[PDB]
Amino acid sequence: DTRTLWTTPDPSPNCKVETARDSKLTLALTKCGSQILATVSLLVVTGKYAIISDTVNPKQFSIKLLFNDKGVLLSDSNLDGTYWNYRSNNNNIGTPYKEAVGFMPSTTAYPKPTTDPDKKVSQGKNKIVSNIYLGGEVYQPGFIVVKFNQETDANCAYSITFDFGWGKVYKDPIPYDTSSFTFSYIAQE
């Protein structure tokens, strides 16, 4: 199974940061055996975070992908599942996938939050944190935090959360339009 689960090529806004349809998430997940190879980028098109500066607060927001136990996207997700499907060479434009457990983050590697020091649960392991760059400009750093299975909303079985933000002080407003970020994670199966 070398398939890809992705945000579909429809050019419409597909995601909610603050309100419905205010952003365009690009996400591709490709199965490489027991690891998923991923690339993600975000463009906020309208609303509070479309153009940012130091007077905007807070300087972080969250995009949640919540999945049930078959790996299907739940309607409480920030991503509109209208735009979430397997990439295909055929015409699955109108056929939603039924199962994608092999694309879910492992709940053994990344367990949901729930005395021996050797039994201490890692707080870092379920997160991937890096700079991204607004407009792809080296002098416009922001950040991305990818989180695995840290959500409980909608009785989800699995979750992938993207927290986007920034810390550098910006006087002139700049679009929140991120460079693409590559990451990988251990798959459920």
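Residue numbers here begin at 1 and follow the sequence given.
Coordinates are lacking for 4 to 9 deposited residues between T114 and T115. Stretches compared: 135-143, 151-159. Higher mean C-alpha B-factor in the entry: 151-159. Comparing 116-124 with 22-30, the stretch with the higher mean C-alpha B-factor in the PDB entry is 116-124. The PDB entry assigns its highest CA temperature factor, among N78, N91, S106, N85, to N91. Among all modelled residues in this chain, the alpha-carbon of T55 has a temperature factor (C-alpha) in the highest third. Ranked within its chain, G165 lands in the lowest third, by CA B factor from the PDB record. Per the deposited record, the Cα B-factor of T2 falls in the highest third when ranked against the other modelled residues of its chain.
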